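Just so it is clear: chains get the letters A, B, ... in the order the sequence lines come, proteins before strands, and each one is counted from 1.
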Amino acid sequence: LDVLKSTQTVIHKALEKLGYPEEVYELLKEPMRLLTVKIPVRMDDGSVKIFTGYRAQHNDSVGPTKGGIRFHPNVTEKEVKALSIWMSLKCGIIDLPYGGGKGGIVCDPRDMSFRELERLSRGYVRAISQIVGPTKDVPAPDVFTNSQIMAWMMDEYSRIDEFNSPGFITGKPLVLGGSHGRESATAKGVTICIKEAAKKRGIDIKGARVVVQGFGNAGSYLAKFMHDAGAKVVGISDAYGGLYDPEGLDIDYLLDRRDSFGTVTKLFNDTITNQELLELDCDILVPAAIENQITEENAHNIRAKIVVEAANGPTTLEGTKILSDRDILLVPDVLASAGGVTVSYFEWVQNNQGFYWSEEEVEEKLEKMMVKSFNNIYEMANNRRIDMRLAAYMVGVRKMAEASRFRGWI
Amino acid sequence: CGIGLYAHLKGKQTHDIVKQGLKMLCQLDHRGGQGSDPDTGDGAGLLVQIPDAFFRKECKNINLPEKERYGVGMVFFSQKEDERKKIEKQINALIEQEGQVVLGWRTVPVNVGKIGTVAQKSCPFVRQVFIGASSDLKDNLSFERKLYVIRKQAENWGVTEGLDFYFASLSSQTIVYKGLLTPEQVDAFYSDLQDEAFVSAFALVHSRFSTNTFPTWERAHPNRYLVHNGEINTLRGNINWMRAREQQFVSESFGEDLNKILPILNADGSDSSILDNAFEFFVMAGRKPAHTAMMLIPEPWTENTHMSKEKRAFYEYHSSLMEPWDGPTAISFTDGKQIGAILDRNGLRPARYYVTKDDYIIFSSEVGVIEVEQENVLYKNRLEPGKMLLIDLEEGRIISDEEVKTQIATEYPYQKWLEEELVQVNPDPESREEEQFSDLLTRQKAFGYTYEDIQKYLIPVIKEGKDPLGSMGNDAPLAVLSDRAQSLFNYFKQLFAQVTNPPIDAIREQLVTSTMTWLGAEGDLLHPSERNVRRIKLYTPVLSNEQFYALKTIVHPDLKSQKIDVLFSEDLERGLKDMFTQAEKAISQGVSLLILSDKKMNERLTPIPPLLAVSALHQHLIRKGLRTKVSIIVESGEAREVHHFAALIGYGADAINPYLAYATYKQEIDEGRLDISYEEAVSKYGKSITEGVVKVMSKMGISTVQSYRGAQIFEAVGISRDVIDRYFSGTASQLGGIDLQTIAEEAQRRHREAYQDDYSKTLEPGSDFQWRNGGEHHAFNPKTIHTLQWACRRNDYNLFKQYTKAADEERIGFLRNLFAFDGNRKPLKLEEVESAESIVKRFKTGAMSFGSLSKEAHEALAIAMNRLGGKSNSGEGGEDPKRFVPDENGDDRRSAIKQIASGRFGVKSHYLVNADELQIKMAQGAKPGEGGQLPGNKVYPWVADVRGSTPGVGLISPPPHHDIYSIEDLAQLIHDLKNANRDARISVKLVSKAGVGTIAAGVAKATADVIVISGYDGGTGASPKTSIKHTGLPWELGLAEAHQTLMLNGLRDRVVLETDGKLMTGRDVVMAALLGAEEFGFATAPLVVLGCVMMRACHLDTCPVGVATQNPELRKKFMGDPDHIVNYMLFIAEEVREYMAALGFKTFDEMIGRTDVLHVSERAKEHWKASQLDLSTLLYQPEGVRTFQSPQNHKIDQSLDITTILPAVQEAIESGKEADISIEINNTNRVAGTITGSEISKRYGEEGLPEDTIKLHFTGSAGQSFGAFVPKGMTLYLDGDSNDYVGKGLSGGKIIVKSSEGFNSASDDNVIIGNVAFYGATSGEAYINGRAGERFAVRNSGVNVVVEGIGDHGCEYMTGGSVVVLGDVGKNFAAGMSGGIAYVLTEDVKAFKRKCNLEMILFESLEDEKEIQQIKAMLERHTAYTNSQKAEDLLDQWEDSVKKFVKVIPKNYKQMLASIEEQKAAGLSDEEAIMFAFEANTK
Ligand SMILES: Cc1cc2nc3c(=O)[nH]c(=O)nc-3n(C[C@H](O)[C@H](O)[C@H](O)COP(=O)(O)O)c2cc1C
Ligand code: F3S
């Protein structure tokens, strides 16, 4: 209900800290292009259903907008605008030549079918075809979207434009112009941030104790990366509980027994709950799981020197304040989870060139980009006695404000 | 019974190998049982190589080409000749069409006069046909494929034409001679074997048991390729999966021959035959025999950390295309040039082999099978679980299992394929939506939820992490008999493993189980590559809402999903057919997931019963060859119980989503209760449900959900056979029952009332495990309880009559209540019938453990039974020796019947001898396939002393009898018990189920004096509610089946039949007698007489009447008296007398078996669903004897103890003087000492005799159960080796086993002892000079042993004593260790710890001087009695040996001992110190 207001508040605070006037905030608080469309879709039963779609473009001064499309019944204009602004912030943090964009459709994919989903995706692409393209707006997947939906959208756009346009949409399969590293991008970015934070704090990664809350794809890849780097993972968690071993957890065996959903717990063995998993003795803590897990009660009980928010908003304002008081280095999600956006940008670059890179090239480029962003944010937060979250917000808004001023919009 | 093989490694062919093979068969014949007559061949067979020289010599007309270019057939034909020549002509035509040449035919000479009457009558005509290979076939594999195709075509043509001919063997390298012949009769029947021209590099042999007395020549094996010893419990699922995959099979090797060989498996064949057919088909498909064996019976990879990465990848890959063939199996296969032997995953069968210096291998179940030279023996080993014994004749060497497995695993990149092709379903984290409906109450009412159901099944599951317990098993009527509408789930009852296969302990053997499930479409099984593992895999079939949504929204074109709403309005058949059409359309479109949903249902549309829908869809897809291309997800509100989930999985469901249960949990959380969060509640519910399903599988012994899914381990009660065949094919329904219209009517009724329900916003209270006014009827209602108590306390008769009337009439509770007497006879007077004093002698009080009950109730029941002349049963908790002496007042507390369970807690020589009947509890009604668990807080000192355990230490009773892995093992145990007490009756207690009649026939063959049938309504002190309610069948069906089968097989006169389970009235007793029961059991009613009010709180140790609790405060409230039990029994007997007088029967034997007196009552016909039952199955009287007459002559005479030991030991025992003697022993001498031990115990008792008084030396190989129940004073020496069950139930004494003096190889490397040793042992010591097998010291309770290595599952359920292992240890060591101490010597402490189970043990080092001295003395005695080089070296290097030793001790055991020692030091007496420590540790 207040997501847009909160985003506006953080934008205002960042602009005030940077010293920009109020006209910049007036321009950047709301997107300058919001489109609402009605999509008629023929269903399997033969009836026709009218779906509602939204597409918001926060800014285009830096470059073409970059956004995602989510198929949820609770989508709203306010949510779409707020997430477009957040995407702009992420792009500015990573220093991409992108703006912020966000798409949404009011639907229930659980009740929808394969052919109905294809028809809905095509209809949405048609409705927004007038303001999107490889040079205007680049969509990607979000909740209840995947490579098949991206491929359907790409086919729709090519069928409209009379020529193939792989760069119009990212998140595609490899055969259609996808990029390697699309699955381990977030985990690799989190690993890079963890390594940089450890270097800054003097903690040696060799033998460092890491706890990961969440063993999905991101959690599994992150645990594998720490194990390869030499850090010891002393705790993991899944939907059924967690495990604890100060001397190591045998990540190889855990991954071998890992199923599709990421379950690794045994049946007749007691498990460790997340509440006391977060309180374990470790140097690095990584919540990549459900949000609102760190609060006042557990902030003092947390024993981690570094906390990295792999998931979205796993920490509250009070928890951040307490961690800052306790001198615990917090890595915000807006920075940690930018690996997916970076890999989508690499896919866009590959589509533009016609040349597709390899896993090693993607790895090294992502490493350099994330390291530069992390170092810039850390230097900003050291020069100004503020938090990394505020520093990241300022870095995100600076590029957009400067581009708008240069182009003369304000 | 058993298997064997005598072979030469290098391939040298002789006739002595065949002669030795028949000798092994003759030796193994003793294992099998005795049928109607001994001369009839129970079943035997011999497989050998092709005898080219003999064929050339004996043909003289057929031009036989060189070895591998011609094949030999072997056919059993009917005596009729016209059809014989018809089939011969057809076979020749098929051969000519295939292009191979018909060399000719031959007739095998047969000596019919040497065979028994039945086998003489059934003897077929034996004719062989010779096939010559065409020049085109360069390789022998193509020729073998052509012969296989010819044989399959001939068999298909024969079954189509209805002709009865069998192809015993048709190969270019193997020939089989088999039939209903004894080992001695085989050679006589086949005069060819006598000829010296018979030469073969190997000879495999098998002898059967034939549970039934009507075997067939075809069913005998060796089969075409392999011999199988044991049973298969996943046969239905294996058959269904194979027949589904056969349609999709595509092979280049066979080309278009797949259409000819489409059936693959024979529907009417046995488990072994079906397994052999699958093996041979896969071998010809292009798979090596070892690879095929590994794929069919894979090792346990899930939950097993002792397996290498390559092997784990291989087995995980092959689990995606072939389900395991679970069960106890020992398999020995051969292809002419290669021979292989393997065991099941759990290794539940014995297999020992010798390798000699002359390149000869002798492998068999037993070890003392043939005479061998010790100086010639090289290796004495055994077939370890997960290890393949492979021999290649051409290469002339034994190929190591490690080498074979490594090559097979590394031949492909299985690990890389699994890593790459796996698909992830990582759900979005911000898509969370806690689902609620706002019509939750309406849906709950529609699906049958109740306040009791919630508060007593869902909340306890979250709280405790396990299925809630219960007591006083189901007294309510069946679903078919209940007036109230019932779910289709309640019509299906879980089955269990009683005999021919044991159950397993999933918790203790988790390394063997696997819940892994595959979702998607299977790849090309014959030619698999990558795509076979491009599917989804789950660790738990139960799906949360988020997982379900992710699966639905995968969208992946290769992984597509379609949703089908399983709803109907009027035509259930129509609804099912639309579901079928939708499934076929989705499959054609490419969908790989089918989601059957009950959602979107309203008053007009009611949901199809999910069990019926899943079963129908599964059968349809299996028939159409499309099941393997899809997986089934269920989204139903009628899924909240372990029984529901298990039924859905077993009838086809791949995954389930209990959305309504999740919604109920969410509502409870929201309204304040159940503070735990929604996510943790969902996860806990899923884990608990999966654990319950695993327990349900363990009941039948199935260790893998993959196999359980195909297998149908449920039996319907009240479902029409037509409906069963249409949708539940393979399921058993003895009485048929309701139809699809009735099922739809019930569902519609429940839905309609739930959706209308316009008065109340509350759920009606349940009546499943409690009695509520206006609820479901309960047999032990308050009215009946109080009437019975008042009648027994008055000694009044009209009150008892009122109670009997209420129990019998006014409701339909049991099947027997549907029967009415004819009423047209000649009534007599009450004075012309036998007296109640004689009648009561057939009654019993039923087994009830001392721990479960109180001392007062147990002694009261025993006193009442002894006074009345009946028999009382002591449970599995042992007995107090002081009760064996009658009190001065004349009351006797002794229990006539002594029970033998898997725990073997109080089992001892004294305990066994001080009895008249020894019962073997194969299963009980409430918890048939389960074991038990007694927590330390419940293990009071007055119970621990009786059970020979430490107070405050938990006790675990394993589900299976580790001795009883099959009917032969049951016979062996019966023989051991008879040796222990020759003056006692051996009883076997089973639970009613399908096939129980055949099992009873097998038991009678195994020579059990008494057979007891228990209904599923029987009581218990503690058991899961799902097991109580949904497991077992009424005793009526089982009793009728057992009676009919025994009379048909001519074994009824040899055994006494008993029944129990809700026998509350003389009418019930009369009905049981008419059904064919001579004895009757009563357990619950005596408790109610004593004061039980059916509180169903026995498991809580809070009985308000002091009946089922050990609390002294509650025991002080006990008011029961034996006089009340006496009055109850006398009233029952008077009722039986009155009924007999009315029916015109003078004696119990006269009335027994007279089912003609019964007819269906008008009430059953009036009933709207009980009128569709066919009770003619129970109303059937075959001609024969209907009462026990033959005393079941045992083989006590001719035994070694009677012939040699006793005549030279009786005087010594009587005089109390020393006596040393020596004998030569062979495998036929099984027990060898139990009779002498029993005599010693009878003469003296527990004190026995002074140590080393009687000394018995034995030279050679001993049989099963050597040194069993040997008390103090006896010392057995064994120069040689021994078989399984060494030291079983040891009650003292010494057992020493030393390797033969002529065997110079390392004893610590060579095997000397069988698998199970010292099972249930209580006291004594032993010294073993060599490695032992699996399950060493399973239930030891004080015996101290020294052994040079052991197998897997060592020290499983030990509660006392010590074990010293001077060698390696198998995996899962100390699995269930609650007491005792194990000392293991090893170099790799890390490896030893990894092998051991870490759940409930600690690792320490030898620091105590007293312990070190005790171990040193034990080793000194061992080396003195054995001359052990390892022991001598350790004693020499004692300083380093102590350092390198490892100690294992349970935490609770250590703590309790420390507390007791501290109190003793403080200066407290033993009783008070023990009590204080127990209270402190169990506060
Ligand atoms: C409290 C209680 C404990 C029992 N314990 C055992 C037992 O330990 N072993 C066994 O085989 N049967 C046990 N039973 C079952 C009875 O001994 C008997 O076999 C039968 O199930 C009684 O049926 P009924 O309750 O309908 O009379 C127990 C029954 C009760 C009520
Ligand atoms: S049901 Fe059990 S708890 Fe007592 S009142 Fe009866 S023995």
Side-chain angles (χ1 to χ4, degrees), chain A residues 44 70-74 108-115 117-118 142-149 151-152 173 183 214-220 238-241 250 252-253 255-271 273-275 288-291 311-314, chain B residues 302-303 305 309 312-313 316 415 418-419 422-433 465 506-507 510 513 515-517 519 535-540 543-544 546-557 560-563 589-591 600 679-680 682-684 686-687 690-691 694 1399:
Chain A
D44 298 327
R70 56 168 58 190
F71 284 19
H72 205 53
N74 311 112
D108 207 4
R110 282 116 58 156
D111 325 310
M112 288 191 79
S113 142
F114 187 71
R115 319 249 74 101
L117 277 159
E118 181 179 1
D142 267 14
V143 198
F144 295 130
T145 59
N146 62 93
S147 58
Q148 180 61 101
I149 281 151
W152 285 329
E183 325 77 74
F215 205 68
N217 64 316
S220 47
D238 63 324
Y240 300 89
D250 206 346
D252 275 29
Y253 164 68
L255 296 163
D256 290 332
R257 75 176 285 123
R258 186 202 140 89
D259 74 52
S260 299
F261 289 92
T263 322
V264 286
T265 46
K266 258 173 160 59
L267 274 181
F268 298 96
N269 299 60
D270 275 345
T271 45
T273 177
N274 297 352
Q275 285 82 249
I290 75 96
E291 57 56 30
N312 278 345
Chain B
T302 326
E303 315 296 352
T305 81
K309 281 214 55 193
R312 181 170 205 291
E316 181 167 14
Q415 189 40 292
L418 294 160
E419 265 166 350
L422 178 62
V423 346
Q424 324 289 336
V425 190
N426 36 234
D428 179 287
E430 92 195 316
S431 48
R432 301 275 147 53
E433 290 297 342
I507 312 193
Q510 192 176 14
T513 67
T515 47
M516 231 66 204
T517 305
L519 296 184
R535 337 169 51 187
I536 292 153
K537 77 186 190 188
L538 319 155
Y539 183 69
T540 280
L543 284 173
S544 72
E546 99 187 354
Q547 301 169 352
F548 190 63
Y549 300 152
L551 288 173
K552 282 224 299 314
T553 63
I554 273 172
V555 179
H556 187 13
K560 268 199 283 291
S561 89
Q562 186 70 250
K563 191 183 89 73
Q589 264 147 277
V591 161
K600 301 176 339 180
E679 290 83 14
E680 318 159 273
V682 164
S683 88
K684 280 159 135 70
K687 266 185 77 125
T690 316
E691 293 163 8
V694 167
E1399 226 275 322

TODO: Please report the closest heavy-atom contact between B/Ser683 and A/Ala239, naming both atoms and the distance.
DONE: CB-O, 3.2 Å

Open item on the list: So which residue, B/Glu679, B/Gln562, B/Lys309, ends up with the most heavy-atom pairs under 4.5 Å with chain A?
Closed with: B/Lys309

Task: Exercise: identify the closest heavy-atom pair between A/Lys266 and B/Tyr539 - done: CA-OH, 3.6 Å

- [ ] Please report the C-alpha distance between B/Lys560 and A/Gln148 in whole Å, then the side-chain angles of each, then the deciding distance to 0.1 Å, and finally whether the side chain to side chain contact (heavy atoms under 4.5 Å, CB included) criterion is met.
- [x] CA-CA 11 Å; B/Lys560 268 199 283 291; A/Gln148 180 61 101; over 6 Å; no

Task: Top contributor to chain B contacts, counting heavy-atom pairs under 4.5 Å, from A/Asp270, A/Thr271, A/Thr265, A/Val264 - done: A/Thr265

- [ ] Output the distance between atom OG (B/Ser431) and atom CG (A/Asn74), rounded to the nearest 0.5 Å.
- [x] 10.5 Å

Task: Side chain / backbone / both / neither for B/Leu519 at chain A, heavy atoms under 4.5 Å - done: neither

Open item on the list: Between B/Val694 and chain A, with a heavy-atom cut-off of 4.5 Å, which part of the residue counts as in contact: side chain, backbone, both or neither?
Closed with: side chain

Task: Option in B/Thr515, B/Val555, B/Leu422 with maximal non-hydrogen atom pairs under 4.5 Å from chain A - done: B/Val555

Task: Contact class of A/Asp256 relative to chain B, heavy atoms under 4.5 angstrom - done: both

Open item on the list: As a quick check of understanding, evaluate side chain to side chain contact (heavy atoms under 4.5 Å, CB included) for A/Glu291 and B/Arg432, giving each step before the final call.
Closed with: CA-CA 11 Å; A/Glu291 57 56 30; B/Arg432 301 275 147 53; over 6 Å; no

TODO: Could you look at A/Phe114 and say if it's the side chain, the backbone, both or neither that has a heavy atom under 4.5 Å from chain B?
DONE: side chain

Task: Heavy-atom closest contact (B/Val423 atom, A/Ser260 atom, distance) - done: O-OG, 2.8 Å

- [ ] Would you confirm whether B/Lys563, through its side chain, and A/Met112, through its main-chain N or O, come within 3.5 Å as a donor-acceptor pair?
- [x] no

TODO: Could you tell me which portion of A/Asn269 (side chain, backbone, both or neither) has an atom closer than 4.5 angstrom to a non-hydrogen atom of chain B?
DONE: both

TODO: Could you look at B/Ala550 and say if it's the side chain, the backbone, both or neither that has a heavy atom under 4.5 Å from chain A?
DONE: side chain

Task: Region of A/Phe144 in contact with chain B, defined by heavy-atom distances below 4.5 Å - done: side chain

Task: Winner by heavy-atom pair count (cut-off under 4.5 Å) against chain A, out of B/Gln589, B/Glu691, B/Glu316 - done: B/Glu691

- [ ] Could you walk me through whether A/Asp259 and B/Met516 pass side chain to side chain contact (heavy atoms under 4.5 Å, CB included), step by step?
- [x] CA-CA 9 Å; A/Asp259 74 52; B/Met516 231 66 204; 4.1 Å; yes

- [ ] With a 4.5 angstrom heavy-atom cut-off, could you sort out which part of A/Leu267 is near chain B: side chain, backbone, both or neither?
- [x] both

Open item on the list: What part of A/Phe71 gets within 4.5 angstrom of chain B, counting heavy atoms only: side chain, backbone, both, or neither?
Closed with: neither

Task: Closest approach of A/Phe261 to B/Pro427 (non-hydrogen atoms, all atoms of both residues) - done: CD2-CD, 4.3 Å

Open item on the list: Only pairs of heavy atoms separated by less than 4.5 Å count here; which of B/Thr540, B/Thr302, B/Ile536 has the most with chain A?
Closed with: B/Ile536

Task: Heavy-atom pair count under 4.5 Å with chain A, highest-scoring of B/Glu303, B/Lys552, B/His556 - done: B/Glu303

- [ ] To the nearest 0.5 Å, tell me how far A/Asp142 CG sits from B/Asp428 CG.
- [x] 8.0 Å

Task: Short side-chain to backbone donor-acceptor contact, B/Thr553 and A/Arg110, under 3.5 Å - done: no

- [ ] Count the heavy-atom pairs under 4.5 Å between each of A/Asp252, A/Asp238, A/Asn146 and chain B, then report the option with the highest count.
- [x] A/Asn146

Open item on the list: Salt bridge check, B/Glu430 against A/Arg70: does any charged N sit closer than 4.0 Å to a carboxylate O?
Closed with: yes

- [ ] Give, as side chain, backbone, both or neither, the part of B/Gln415 having an atom under 4.5 angstrom from any heavy atom of chain A.
- [x] side chain

Task: Interface moiety of B/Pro429 toward chain A, non-hydrogen atoms closer than 4.5 Å - done: neither

TODO: Answer with side chain, backbone, both or neither: which region of A/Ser147 has an atom nearer than 4.5 Å to a non-hydrogen atom of chain B?
DONE: neither

Task: Ring-face cation contact, A/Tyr253 with B/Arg312, 6.0 Å cut, 45° max - done: no

Task: NZ (B/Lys684) with more than 12 external heavy atoms under 6.0 Å - done: no

